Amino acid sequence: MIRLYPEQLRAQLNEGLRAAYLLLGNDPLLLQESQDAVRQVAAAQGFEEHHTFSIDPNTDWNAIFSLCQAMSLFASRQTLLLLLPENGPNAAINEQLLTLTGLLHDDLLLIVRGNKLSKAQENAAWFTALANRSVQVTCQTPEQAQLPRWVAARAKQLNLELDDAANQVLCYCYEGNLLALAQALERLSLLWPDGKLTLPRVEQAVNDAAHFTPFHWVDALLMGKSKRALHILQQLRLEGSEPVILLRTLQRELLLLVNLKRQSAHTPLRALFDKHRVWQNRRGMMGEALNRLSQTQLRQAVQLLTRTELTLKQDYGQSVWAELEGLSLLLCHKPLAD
C-alpha cells in the first residue's frame, strides 16, 4: 500500500492504475481532486460504469449482498466508490467492507473515501486485505505550518510569484478553505496578468473583495471593539447572509464561552480548550474574551439571543437585524439590570 500525498498521485497513476485507492481525510478539495485524478485515468481505460455506495452503521447486510449482486453480474469495466461514515467504520462495518473487498478484480476499481482512519481501524480485515494491492492518498487539510507551503506550491504551478507576506495574508483570510485559496489565486492571476503577486497588490485585492465570514463577526464580537463588528455585521447583509445562520454561529461560540467561564477552578484554561476541540489559534482570543466578560454578562447575552431566536420565529419577519446590532453591543460593554 503505497502511502502518498495528493501531489504524488499523478506520477504514480502514470506507472499503473492499482486495485484500490483509499482517499482518507478531511479536506473537501483534496479528496475531490484525488478522486478526479483516479477516475480521469480510469475512464481513459474503458471504465464506463461508475458507482458510489455509502456505508452507515445503519446499513443492512441485505444492502451489502444486494450490492454484491449488482457488481458481480455486470460484465465490463466498472468503478465503485465506497463513502465511509462520518465517524469512521465501526465493528460491524469492518465486516461489510471485508465482504465487499472480496468482490474485486482487475475490471472492478474500488475507491474508498473518508477521513483519516485510526491506527485501530487500520488493523481491520478489510484494510489489511487491500494492503498489498492498493494505494492510500492522505487528503488532510495542510496544517498551520504547511498551509502557506501548500499555497506556495499551488501558486508556483499556476506560474505565480507569490510573496511571503502576501502568501500569509491569503492564509489568514480563508484559513483552511483550500478551494478558496485556489480560486483566489486564480482570480488574483486575472487581476495582475503580470504574475508578480506582491503584498501591496494582494493586500489591496483581498481587502477590496470584502468577503467576511460570519465568524469574523463573532471573532470580532469576542470582546473585540464593536466598531468593526458592527461594520462586519452591516457588511454581512451585503453578502446575502441570512439572519438565522448568524444566530446559530453566535450561539455555538456563546454557549461555549458559558461552559468555559463556568470552569474556572474546574481545570486551568489550557486543558479545557483541548477538551472542547475548537481551540485552534482561537486561544488567546477565547481567553481574552473569558477574561473581560463577567459570568453575568455572558448570561444576559444568552437571553437576548433567545428573544431574538423567538422573535425571529414567532412573527417570522420582525427585523432581527436590529437585535443582532443590539446583541453585538452587549458583548463589549458592561450591562445593567434593566
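The numbering used is simple: start at 1 and walk along the sequence shown.
According to the PDB record, 244 to 252 carries the higher mean C-alpha B-factor of the two stretches 181 to 189 and 244 to 252. Of the two segments examined, 89 to 97 and 222 to 230, it is 222 to 230 that shows the higher average Cα temperature factor in the deposited entry. The entry assigns its greatest Cα B factor, within the set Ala70, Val278, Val41, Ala63, to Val278. When the C-alpha B factors of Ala271, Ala37, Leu298, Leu30 are read from the deposited coordinates, the top value falls at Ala271. In this PDB entry, the Cα temperature factor of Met285 sits in the top third of its chain's modelled residues, the highest group. Per the deposited record, the Cα B-factor of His105 falls in the lowest third when ranked against the other modelled residues of its chain. Ranked against the other modelled residues of its chain, the C-alpha B-factor of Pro200 as given in the entry falls in the lowest third.
When the modelled residues of the chain are ordered by C-alpha B-factor, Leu13 sits in the middle third.
The PDB entry assigns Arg113 a C-alpha temperature factor belonging to the lowest third of its chain's modelled residues.
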